[PDB]
Amino acid sequence: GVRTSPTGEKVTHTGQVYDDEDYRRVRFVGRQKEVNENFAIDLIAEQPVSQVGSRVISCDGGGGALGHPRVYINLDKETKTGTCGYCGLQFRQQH
Amino acid sequence: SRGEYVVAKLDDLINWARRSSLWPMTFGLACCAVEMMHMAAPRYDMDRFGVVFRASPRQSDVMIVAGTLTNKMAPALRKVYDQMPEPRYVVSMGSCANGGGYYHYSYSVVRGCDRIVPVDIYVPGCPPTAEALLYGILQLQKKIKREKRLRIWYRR
Amino acid sequence: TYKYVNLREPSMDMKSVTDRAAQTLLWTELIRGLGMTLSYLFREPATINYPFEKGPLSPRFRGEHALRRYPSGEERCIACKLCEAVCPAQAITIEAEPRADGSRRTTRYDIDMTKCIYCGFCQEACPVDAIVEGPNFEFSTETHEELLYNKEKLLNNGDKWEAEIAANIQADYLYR
Amino acid sequence: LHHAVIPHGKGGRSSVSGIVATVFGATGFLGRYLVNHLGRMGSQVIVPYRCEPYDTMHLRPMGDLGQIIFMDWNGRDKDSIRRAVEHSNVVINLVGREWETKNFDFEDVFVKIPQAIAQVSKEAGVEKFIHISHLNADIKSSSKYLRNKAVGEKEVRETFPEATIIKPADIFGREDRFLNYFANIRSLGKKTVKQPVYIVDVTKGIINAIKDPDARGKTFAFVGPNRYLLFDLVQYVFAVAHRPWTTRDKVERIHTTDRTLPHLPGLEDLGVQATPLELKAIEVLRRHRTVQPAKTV
Amino acid sequence: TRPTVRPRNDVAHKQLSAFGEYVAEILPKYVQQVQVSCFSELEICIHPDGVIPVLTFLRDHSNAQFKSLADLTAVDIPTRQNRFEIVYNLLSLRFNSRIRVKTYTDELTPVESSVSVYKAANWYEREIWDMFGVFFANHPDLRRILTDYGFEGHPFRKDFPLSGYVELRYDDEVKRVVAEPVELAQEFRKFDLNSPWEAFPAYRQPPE
Amino acid sequence: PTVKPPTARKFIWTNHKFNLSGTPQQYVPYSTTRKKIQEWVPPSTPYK
Amino acid sequence: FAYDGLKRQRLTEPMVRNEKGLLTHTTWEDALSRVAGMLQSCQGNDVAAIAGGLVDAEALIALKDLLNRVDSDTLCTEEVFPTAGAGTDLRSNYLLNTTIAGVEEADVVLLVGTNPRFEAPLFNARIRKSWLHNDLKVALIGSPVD
Amino acid sequence: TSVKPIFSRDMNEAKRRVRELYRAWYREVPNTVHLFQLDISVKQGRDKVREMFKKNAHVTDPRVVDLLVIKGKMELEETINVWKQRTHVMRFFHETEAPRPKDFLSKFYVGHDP
Amino acid sequence: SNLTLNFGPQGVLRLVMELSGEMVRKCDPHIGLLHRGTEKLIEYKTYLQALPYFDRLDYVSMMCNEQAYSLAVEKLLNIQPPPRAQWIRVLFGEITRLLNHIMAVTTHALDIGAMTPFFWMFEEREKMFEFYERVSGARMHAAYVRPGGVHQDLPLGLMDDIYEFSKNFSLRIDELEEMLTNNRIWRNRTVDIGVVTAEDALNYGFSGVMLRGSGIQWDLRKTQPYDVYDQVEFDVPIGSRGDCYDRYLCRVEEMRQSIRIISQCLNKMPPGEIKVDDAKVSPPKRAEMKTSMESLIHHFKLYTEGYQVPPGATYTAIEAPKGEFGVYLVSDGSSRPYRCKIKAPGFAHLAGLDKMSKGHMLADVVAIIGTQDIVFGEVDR
Ligand SMILES: CCCCCCCCCCCCCCCCCC(=O)OC[C@H](COP(=O)(O)OCCN)OC(=O)CCCCCCCCCCCCCCCCC
Ligand SMILES: NC(=O)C1=CN([C@@H]2O[C@H](COP(=O)(O)OP(=O)(O)OC[C@H]3O[C@@H](n4cnc5c(N)ncnc54)[C@H](OP(=O)(O)O)[C@@H]3O)[C@@H](O)[C@H]2O)C=CC1
Ligand code: SF4
Ligand code: SF4
Ligand code: SF4
Ligand SMILES: [Zn+2]
């Protein structure tokens, strides 16, 4: 989910864009500013909250040894989802 | 116009003759020389592209800097570059020639051969494979293909 | 347990002396060398037709760097800075901060490809398989600063090359 | 002042100098040493080029990474000039020809191109503009060079009122066309008086005019420390170089004497000691080798 | 401790201890220490006046016969008043053995050149001049061998920075490779990697 | 890949691109972080 | 945790007043010339000086030597200390004379008019360590702060 | 405080060695300007040799000036024998370097360096 | 008077010749043209980080120098590799020996003028670089042999291809030897050239073929054996005259005996792990890094800090194809070396170049620089 400064220069997933009066835009004159158009903070918000029937859930990011270190998430808060600290996936106890 | 067409065909002819007959002068500085020798070896075989094996510096078309450029040899690099007739080209090969590489923070290493000579093609790797060096040489040939010396001369 | 190369005495009967003189006057071993070179004339050469034919590689090959994503679009890198800690060239520069959803992510992930020694300690130090040294070796540039990759270039390398990187990691991760 | 343009470092190669310079005509004799001396401070130099990019290769070792930005430009197109000056804080104009071509005469080069560069840099918010004219520029001059160059000087002064105009007399260096023109001509001697200025002094003067805020709107005259007659100058060039393409305009400009302008400041007001010919003419003319110094006025 | 632990060779340990006693009692004029490491390597720490008498002994004595000079090394240790530690690695082919001969100097005391004993040293200690600044007296051709010709300083001294003080670049004004003060586009990032917990209690030094 | 196709993702490029060095679509490096030290913006009113 | 104010609202460039009375950016030559032109016209009590809370001793004695060259003794701080009597002539009547560590040796502490929790928090922590381990008797004259 | 000497026993033998080294450099400078075809005058190279000798004039230790004479001999050997190029000879003349600020005020203007 | 030439840098080498017409009176090799300050950069980097510098010293003998540094660090750590890692190290060390002797013989023939067996044997060298790329991912600088064993196990089907290579490689040695050994022009360029006596070879610090060409029966794989060289069966070629021709024959026979060793290592490869099973030195598997807490802590601390090596000094020398390659490693107790002197054979050989080229001619200097296999990366560090 890219956005654009009033200079026409694209805004990265960090939020970086050069200022209007900054000379360092001259490196993009006649060339392109290479930004990635798949913002991970937008792509992780599209994932469904996984409803599980346990109090403690585990996540390994999928794949087993192809994912991240396996972590355990407590699901005692019904107010809030329990987000995996590595992959950003989030869980909820269904009761 | 007619003269624009004539100088366009003449640019195409002289660019064909200069890219299809590149003669390299290879600086065998370090480990990248071994992979240049594999690019000359029978598998990848530079000679079938018109790229001859070990021409002399006073008639070569491209200086391949292949290996670490130390402080002790940077004037020798610039001197051999100055002895080359024009059009001369420089291919930087591997990380030490490109930016200093694994010896970037060394006291006795020139941090990239583009502090010494003007570099046309940067081939990255440690060492870049002989197939990757050959990719860089073909990209040099494509850069020679889109030169516009006589078109700009007719327009100047 | 040792052998003497070049400790043969030549014979001194008239047969072997005439053999050595025939070898001198009739150039027999020079004809042997001509015969070996003539033998290679009538062989198929080892030359592949690059760019249309490619040299054979393995799934372990260490080419151009890329940053991978999970199969949800979330990037794998969680700013732990093991890859710039182990980088023998100090080619990696990382800066991080928590982003808007609280995730531990990088704002700067730079790899100076001209400093890089392409040894792949960053992919084997990475605990989440984020940075990989993928299959691409044909990425020569015409300018020095084009070989100074920021995070956007490496994420575009991951998006460009993920279909091949994931298959190489699938073929190789049981040896790791 | 913006934060990215504050000078940092020790003034070396990888430092920041705060100069964002657009040097028009950097692929020539003065642009060579100007981009050299700007790049050793750590300046963001923008080089617009008309020629083949191969003829820009020697400008590439002159700075750090990303410091020289090459871009295309047409001298009749204001759009590419605006594309090249819209980030610069100083615009130097070094566009010139010793001869007229079929596509560009002296009026196309000395009048229309500097007026276009100065006007577009005026409407782009550029602080500093530098125009390079000739010391012998005059409206009623004998050579079309000096006539159109005086007209271009007047136009630059009336379209960029804070422009620094610089008058070098006849510049000598390694890639010049003053001592090398004399050494290869194998025209005569007349009553012509010349004081030649050295190219590193011209470059130091251009940079000290970039850095000085009191040089805005001034007109400088860059002249050497010794005036020579034409005949014994040419004989001293043949004496150093060990010897016994042209136009009529170059002959009109060799036999035109270098005028004395005391009312215009010079290299001594920009902190530049003028280097005499007797120290650097050997460095210029050692190439032409297969000595009594020249008498002044 | 069978699979993963390197096995101790007590035979070579006892033999090198006996030969260290032997060298310490034949040459008490110079031998200051004799030590044998846990992986069975012998070090003879001598006085710098006895470089030529010790090295000619081990080269020529029929129980030693250390004919080969494997390596010659200096080590910079700035916490000593004799900061440089000159290391001679010697190989006996008759007795299939290696010995280390270690001496010391500061910046200004010269060490006697061992080119009379082993001609191999003709470059090695020459390298020690280029890298450390240790002068070697009565050397035939002592000059720099590895650094550039106009290089000031000695690089392998530990008070010398990782980069130099000067860097080279081609300058087009003077048409020449020139030296300028070093300025990095990115600083070498010093990492503080030492763990604050003691790793080896065997090497624990007693406090004050 | 006709026999064993790669595992498809929503982020993998549907349009592969070749080496773009020497073109206007080439990569240009830049700092991907924001401004660190904030400056004092002086107030727009006079001091009287 | 106050180090992130060290990277906000910072004065990074010299500023002078323009014709509109607005602070505008300038170089060091212009700013120091416009200050020294006013310092050369002052003498006596025409020029004064106030030091803040975060000022080092080197700049304090720099400005004191500079304002003594103009013969100006009006050198002030913001935190008001009474000059009645000895004033600042003797160092004893404006120091923590015992020490911070000397609270460990004390048995009775009288805290007058102060809230040492938020004025000097580690001095309060040392008082609590003496209170806990040495059974210090603490009396406070002032508002009943915690 | 008794040290082993290098070549000299006191300061006078060391000044003898400094004097002969300066004589050898003074004789060498015209040949150095000639065969390297340097752009400097012979007087300017001799002033540089005088500057490089007077840079170390404060040393009152015989071993230190012994090593200085030895290093000047090595530089002279690299100059007579054409081992140095033109660049190595001209590195004594710091030409392309900017003039460093000398007073307090310009060093205050350009940065933080004392 | 007599002639003085400067064969300059137009690896790389500067040569100052004092000639007396055709003869050579003095040969001064000016080196340092590839001095990069490797063994100062080692001092600021950890042991794992200092490992890839050893690939780039003798850049035609990569895994040999990896093996020598790994043996030095494992000696200071008082740990040993598993047996399978030892057989893999000896296997790839002899493949590296084939690489280096092909480079040596074919460039020594290329400089003299026989330019054809260069092209014939670099296809075999291309196949061995494919073996390196299959085992590690890079064709030359593998960073594969590490302290503790090797980095990663052999991929399946690699040993069958090493078999198919080794079965055919003796015919390649035979056709090289057909082109050069009985060739009268090759013999006239190498027989009377650079005769080195055995006493001067021991005195000059020569090692390897430079000793064994002169009849000295010394090979460090026999006398001071390392990983499993006491368990393989091979012969050591010995010269008779100390010249360029005997050193050529010694290198051809060392290719023969390396093929013998590679056949024995293919037939005797044991099962098991490839790192030391101390996870405080060699890193754990990635499957157990992502499951175990101790293994994640050890992964973190090995790839950021590294293992602490106990304080001590060692000189570990192996038999690289150029000779005795030594590492004098000094550890101060931290996870970075205090000192790492790199002894390489080409330094002492190029020091002896001046004696070896006395009384010879100018075109014999290139033969003597060929018979000492001089890679200037290992000479200048
Ligand atoms: C007024 C109008 C006329 C003006 C004057 C011109 C007269 C004719 C002159 C000759 C022809 C001019 C045009 C030259 C070719 C232009 C197009 C071109 O460059 O095509 C490229 C093509 C090869 O494509 P490439 O990019 O190499 O692809 C590699 C594949 N893997 O290339 C090819 O397929 C082959 C290219 C061959 C080029 C022509 C042959 C060489 C010239 C012969 C005549 C001159 C020399 C005579 C002999 C000299 C002495 C021996
Ligand atoms: N003796 C001297 O050197 C003196 C020079 N001057 C003035 O100083 C300036 C620079 O001098 P100098 O270096 O010698 O001149 P050069 O001819 O060497 O350089 C001129 C530069 O301008 C470019 N240029 C020329 N004509 C045009 C055009 N029509 N459109 C676009 N670009 C063009 C050239 O590029 P390209 O390569 O494409 O042609 C080149 O980069 C000139 O204005 C000259 O009149 C003043 C006094 C003395
Ligand atoms: S980039 Fe690396 S592999 Fe290549 S020559 Fe340099 S050190 Fe050797
Ligand atoms: S491959 Fe090696 S040098 Fe390159 S970024 Fe990764 S760890 Fe650093
Ligand atoms: S790429 Fe991997 S190792 Fe590097 S900071 Fe990101 S998660 Fe850590
Ligand atoms: Zn997860």
# chains A, B, ... in the order shown; residues from 1 in each chain; ligands from 1
>>> residues_around(residues="residue 362 of chain I", least_positions_apart="6", cutoff="8 Å", atoms="only C-alpha atoms", output="MDAnalysis selection string")
chainID I and resid 22:24
>>> residues_around(residues="segment 156-166 of chain I", least_positions_apart="4", cutoff="9 Å", atoms="only C-alpha atoms", output="NGL selection string")
:I and (124 or 127-128 or 131 or 134-135 or 170 or 259-260 or 262-263 or 266)
>>> write_last_selection(atoms="C-alpha atoms", output="mmCIF file, in the first residue's frame")
data_model
loop_
_atom_site.group_PDB
_atom_site.id
_atom_site.type_symbol
_atom_site.label_atom_id
_atom_site.label_comp_id
_atom_site.auth_asym_id
_atom_site.auth_seq_id
_atom_site.Cartn_x
_atom_site.Cartn_y
_atom_site.Cartn_z
ATOM 1 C CA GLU I 124 39.251 -31.208 -15.600
ATOM 2 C CA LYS I 127 34.897 -30.234 -13.214
ATOM 3 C CA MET I 128 36.683 -30.093 -9.854
ATOM 4 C CA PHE I 131 32.719 -30.432 -7.145
ATOM 5 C CA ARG I 134 28.287 -28.758 -5.235
ATOM 6 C CA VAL I 135 29.812 -29.254 -1.820
ATOM 7 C CA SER I 170 44.744 -40.712 -15.103
ATOM 8 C CA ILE I 259 44.243 -40.046 -7.542
ATOM 9 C CA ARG I 260 45.284 -43.085 -5.486
ATOM 10 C CA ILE I 262 40.983 -40.119 -3.689
ATOM 11 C CA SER I 263 40.139 -43.699 -4.702
ATOM 12 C CA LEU I 266 35.910 -42.837 -1.801
#
>>> residues_around(residues="segment 87-103 of chain H", least_positions_apart="6", cutoff="7 Å", atoms="only C-alpha atoms", output="ChimeraX atom specification")
/E:149-150,176-180
>>> atom_distance(atom1="atom CA of residue 280 of chain I", atom2="atom CA of residue 308 of chain I")
9.1 Å
>>> closest_atom_pairs(of="chain A", to="ligand 5", cutoff="12 Å", atoms="only C-alpha atoms and all ligand atoms", output="CSV")
residue,atom,partner,partner_atom_place_in_ligand_line,distance
A:67,CA,ligand 5,7 (S),11.5
A:68,CA,ligand 5,7 (S),9.4
A:69,CA,ligand 5,7 (S),11.2
A:85,CA,ligand 5,7 (S),12.0
A:86,CA,ligand 5,7 (S),9.0
A:87,CA,ligand 5,7 (S),10.8
>>> residues_near_ligand(ligand="ligand 1", cutoff="8 Å", atoms="only C-alpha atoms and all ligand atoms", output="PDB file with N, CA and C atoms, in the first residue's frame")
ATOM      1  N   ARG B   2      19.430  12.344 -45.152  1.00  0.00           N
ATOM      2  CA  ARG B   2      20.299  11.316 -45.715  1.00  0.00           C
ATOM      3  C   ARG B   2      21.558  11.131 -44.876  1.00  0.00           C
ATOM      4  N   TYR B   5      21.117   9.122 -41.774  1.00  0.00           N
ATOM      5  CA  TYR B   5      21.043   7.694 -42.077  1.00  0.00           C
ATOM      6  C   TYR B   5      22.424   7.114 -42.355  1.00  0.00           C
ATOM      7  N   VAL B   6      23.268   7.874 -43.062  1.00  0.00           N
ATOM      8  CA  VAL B   6      24.618   7.415 -43.371  1.00  0.00           C
ATOM      9  C   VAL B   6      25.445   7.285 -42.098  1.00  0.00           C
ATOM     10  N   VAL B   7      25.393   8.291 -41.218  1.00  0.00           N
ATOM     11  CA  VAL B   7      26.181   8.196 -39.992  1.00  0.00           C
ATOM     12  C   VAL B   7      25.585   7.187 -39.018  1.00  0.00           C
ATOM     13  N   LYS B   9      24.227   4.204 -40.055  1.00  0.00           N
ATOM     14  CA  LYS B   9      24.778   2.941 -40.542  1.00  0.00           C
ATOM     15  C   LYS B   9      26.277   2.836 -40.289  1.00  0.00           C
ATOM     16  N   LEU B  10      27.001   3.958 -40.347  1.00  0.00           N
ATOM     17  CA  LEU B  10      28.433   3.915 -40.065  1.00  0.00           C
ATOM     18  C   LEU B  10      28.708   3.679 -38.586  1.00  0.00           C
ATOM     19  N   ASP B  12      26.665   1.907 -36.699  1.00  0.00           N
ATOM     20  CA  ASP B  12      26.365   0.488 -36.534  1.00  0.00           C
ATOM     21  C   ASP B  12      27.529  -0.381 -36.996  1.00  0.00           C
ATOM     22  N   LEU B  13      28.189   0.007 -38.092  1.00  0.00           N
ATOM     23  CA  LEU B  13      29.323  -0.762 -38.600  1.00  0.00           C
ATOM     24  C   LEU B  13      30.529  -0.691 -37.665  1.00  0.00           C
ATOM     25  N   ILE B  14      30.904   0.513 -37.226  1.00  0.00           N
ATOM     26  CA  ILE B  14      32.093   0.618 -36.387  1.00  0.00           C
ATOM     27  C   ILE B  14      31.824   0.092 -34.982  1.00  0.00           C
ATOM     28  N   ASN B  15      30.575   0.151 -34.508  1.00  0.00           N
ATOM     29  CA  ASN B  15      30.256  -0.450 -33.222  1.00  0.00           C
ATOM     30  C   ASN B  15      30.269  -1.965 -33.315  1.00  0.00           C
ATOM     31  N   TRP B  16      29.813  -2.519 -34.446  1.00  0.00           N
ATOM     32  CA  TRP B  16      29.922  -3.955 -34.677  1.00  0.00           C
ATOM     33  C   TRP B  16      31.370  -4.411 -34.689  1.00  0.00           C
ATOM     34  N   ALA B  17      32.231  -3.655 -35.365  1.00  0.00           N
ATOM     35  CA  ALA B  17      33.624  -4.059 -35.475  1.00  0.00           C
ATOM     36  C   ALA B  17      34.378  -3.859 -34.170  1.00  0.00           C
ATOM     37  N   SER B  20      32.730  -6.798 -31.657  1.00  0.00           N
ATOM     38  CA  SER B  20      32.947  -8.175 -32.063  1.00  0.00           C
ATOM     39  C   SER B  20      34.419  -8.506 -32.229  1.00  0.00           C
ATOM     40  N   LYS B 142      27.289  -4.927 -25.439  1.00  0.00           N
ATOM     41  CA  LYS B 142      26.037  -4.207 -25.656  1.00  0.00           C
ATOM     42  C   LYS B 142      26.176  -2.716 -25.387  1.00  0.00           C
ATOM     43  N   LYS B 145      27.633  -1.375 -28.386  1.00  0.00           N
ATOM     44  CA  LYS B 145      26.663  -1.419 -29.478  1.00  0.00           C
ATOM     45  C   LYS B 145      25.804  -0.161 -29.546  1.00  0.00           C
TER      46      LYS B 145
ATOM     47  N   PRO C  51      25.210 -17.160 -24.375  1.00  0.00           N
ATOM     48  CA  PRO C  51      24.178 -17.095 -23.333  1.00  0.00           C
ATOM     49  C   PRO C  51      23.048 -18.100 -23.477  1.00  0.00           C
TER      50      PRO C  51
END
>>> residues_near_ligand(ligand="ligand 6", cutoff="12 Å", atoms="only C-alpha atoms and all ligand atoms", output="MDAnalysis selection string")
(chainID A and resid 44 50 57:64 66:73 82:91) or (chainID C and resid 70:72 74:76 78 128) or (chainID I and resid 290)
>>> atom_distance(atom1="atom CA of residue 42 of chain I", atom2="atom CA of residue 338 of chain I")
8.6 Å
>>> interface_residues(of="chain D", to="chain C", cutoff="12 Å", atoms="only C-alpha atoms", output="VMD selection string")
chain D and resid 53 57 60 to 61 64 to 70
>>> residues_near_ligand(ligand="ligand 3", cutoff="9 Å", atoms="only C-alpha atoms and all ligand atoms", output="MDAnalysis selection string")
(chainID B and resid 28:35 66:69 93:103 124:128) or (chainID C and resid 114:118) or (chainID I and resid 53 55:57 59 140:141 377)
>>> write_last_selection(atoms="N, CA and C atoms", output="short mmCIF file (atom, residue, chain, number, x, y, z; two decimals), in the first residue's frame")
data_model
loop_
_atom_site.label_atom_id
_atom_site.label_comp_id
_atom_site.auth_asym_id
_atom_site.auth_seq_id
_atom_site.Cartn_x
_atom_site.Cartn_y
_atom_site.Cartn_z
N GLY B 28 46.22 -9.82 -13.93
CA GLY B 28 46.14 -10.98 -13.08
C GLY B 28 46.62 -10.68 -11.68
N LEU B 29 45.82 -9.92 -10.94
CA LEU B 29 46.27 -9.45 -9.64
C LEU B 29 46.11 -10.53 -8.58
N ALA B 30 44.94 -11.13 -8.51
CA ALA B 30 44.57 -12.03 -7.43
C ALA B 30 43.64 -13.11 -7.98
N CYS B 31 42.79 -13.68 -7.11
CA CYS B 31 42.04 -14.91 -7.39
C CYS B 31 41.12 -14.80 -8.59
N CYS B 32 40.69 -13.59 -8.94
CA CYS B 32 39.87 -13.37 -10.12
C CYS B 32 40.59 -13.70 -11.42
N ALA B 33 41.92 -13.73 -11.42
CA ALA B 33 42.66 -14.16 -12.60
C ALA B 33 42.40 -15.62 -12.90
N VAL B 34 42.26 -16.45 -11.86
CA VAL B 34 41.95 -17.86 -12.03
C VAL B 34 40.61 -18.04 -12.72
N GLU B 35 39.64 -17.20 -12.38
CA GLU B 35 38.34 -17.35 -13.01
C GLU B 35 38.29 -16.69 -14.38
N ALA B 66 41.32 -7.65 -12.45
CA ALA B 66 40.84 -8.90 -11.88
C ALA B 66 41.66 -9.22 -10.64
N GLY B 67 41.25 -8.68 -9.51
CA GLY B 67 41.99 -8.90 -8.29
C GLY B 67 42.18 -7.65 -7.48
N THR B 68 42.82 -7.77 -6.33
CA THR B 68 42.94 -6.64 -5.43
C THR B 68 43.94 -5.63 -5.96
N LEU B 69 43.57 -4.37 -5.93
CA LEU B 69 44.44 -3.28 -6.33
C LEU B 69 45.05 -2.69 -5.06
N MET B 93 36.31 -6.48 -11.93
CA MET B 93 35.93 -7.87 -11.72
C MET B 93 36.15 -8.24 -10.26
N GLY B 94 35.09 -8.68 -9.60
CA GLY B 94 35.19 -9.11 -8.22
C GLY B 94 35.21 -7.95 -7.24
N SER B 95 35.04 -8.30 -5.97
CA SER B 95 34.74 -7.32 -4.93
C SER B 95 35.91 -6.39 -4.64
N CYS B 96 37.15 -6.87 -4.71
CA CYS B 96 38.28 -6.01 -4.36
C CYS B 96 38.53 -4.97 -5.44
N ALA B 97 38.39 -5.36 -6.71
CA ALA B 97 38.46 -4.38 -7.78
C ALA B 97 37.26 -3.44 -7.74
N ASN B 98 36.10 -3.92 -7.31
CA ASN B 98 34.90 -3.10 -7.33
C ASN B 98 34.91 -2.05 -6.22
N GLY B 99 35.10 -2.47 -4.98
CA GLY B 99 35.02 -1.54 -3.87
C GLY B 99 35.98 -1.81 -2.73
N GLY B 100 36.96 -2.67 -2.96
CA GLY B 100 37.91 -3.00 -1.92
C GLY B 100 37.63 -4.37 -1.35
N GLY B 101 36.36 -4.70 -1.21
CA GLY B 101 35.97 -6.07 -0.96
C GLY B 101 36.24 -6.50 0.45
N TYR B 102 36.94 -7.62 0.58
CA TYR B 102 37.27 -8.19 1.87
C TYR B 102 38.45 -7.49 2.51
N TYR B 103 39.07 -6.58 1.78
CA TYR B 103 40.21 -5.80 2.21
C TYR B 103 39.87 -4.32 2.11
N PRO B 124 30.30 -8.24 -10.16
CA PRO B 124 30.41 -8.57 -8.74
C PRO B 124 30.55 -10.06 -8.49
N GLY B 125 31.15 -10.37 -7.36
CA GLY B 125 31.42 -11.74 -6.98
C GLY B 125 32.68 -11.81 -6.15
N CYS B 126 32.89 -12.98 -5.56
CA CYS B 126 34.14 -13.27 -4.86
C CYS B 126 34.48 -14.75 -4.96
N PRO B 127 35.09 -15.18 -6.07
CA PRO B 127 35.21 -14.46 -7.34
C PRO B 127 33.89 -14.60 -8.08
N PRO B 128 33.59 -13.69 -9.00
CA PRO B 128 32.46 -13.95 -9.89
C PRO B 128 32.80 -15.15 -10.74
N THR C 114 29.82 -4.68 -3.25
CA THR C 114 31.23 -4.54 -3.56
C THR C 114 32.13 -4.84 -2.37
N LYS C 115 31.60 -4.78 -1.15
CA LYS C 115 32.34 -5.28 -0.01
C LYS C 115 32.14 -6.77 0.19
N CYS C 116 30.99 -7.29 -0.24
CA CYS C 116 30.58 -8.66 0.03
C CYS C 116 31.55 -9.68 -0.55
N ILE C 117 31.83 -10.72 0.23
CA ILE C 117 32.72 -11.79 -0.19
C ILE C 117 31.98 -13.05 -0.55
N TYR C 118 30.65 -13.01 -0.50
CA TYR C 118 29.76 -14.00 -1.10
C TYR C 118 29.93 -15.38 -0.47
N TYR I 53 39.68 -15.59 5.00
CA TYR I 53 40.95 -15.01 4.54
C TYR I 53 41.90 -16.08 4.05
N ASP I 55 41.18 -18.85 2.43
CA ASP I 55 40.83 -19.19 1.05
C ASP I 55 41.58 -18.33 0.04
N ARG I 56 41.85 -17.08 0.38
CA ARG I 56 42.36 -16.11 -0.56
C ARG I 56 43.86 -15.90 -0.45
N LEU I 57 44.55 -16.71 0.34
CA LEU I 57 46.00 -16.62 0.38
C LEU I 57 46.59 -17.38 -0.80
N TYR I 59 45.27 -18.93 -3.58
CA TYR I 59 43.97 -18.97 -4.23
C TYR I 59 43.87 -20.01 -5.33
N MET I 140 35.43 -21.46 -6.02
CA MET I 140 36.79 -21.39 -5.53
C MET I 140 36.87 -21.27 -4.01
N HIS I 141 36.32 -20.21 -3.44
CA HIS I 141 36.54 -19.92 -2.03
C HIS I 141 35.33 -20.44 -1.28
N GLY I 377 49.55 -14.17 -3.78
CA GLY I 377 48.65 -13.99 -2.65
C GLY I 377 49.19 -14.60 -1.38
#
>>> residues_near_ligand(ligand="ligand 2", cutoff="8 Å", atoms="only C-alpha atoms and all ligand atoms", output="ChimeraX atom specification")
/B:156 /D:24-32,49-52,55,73-76,93-98,103-105,108-110,113,132-135,149,167-172,176-178
>>> residues_near_ligand(ligand="ligand 4", cutoff="10 Å", atoms="only C-alpha atoms and all ligand atoms", output="PyMOL selection string")
(chain B and resi 95+101-102+125-126) or (chain C and resi 62-65+82-93+110-126+131-133) or (chain I and resi 49+52+143)
>>> residues_around(residues="residue 11 of chain H", least_positions_apart="4", cutoff="8 Å", atoms="only C-alpha atoms", output="list in words")
residues 15, 60, 61 and 62 of chain H
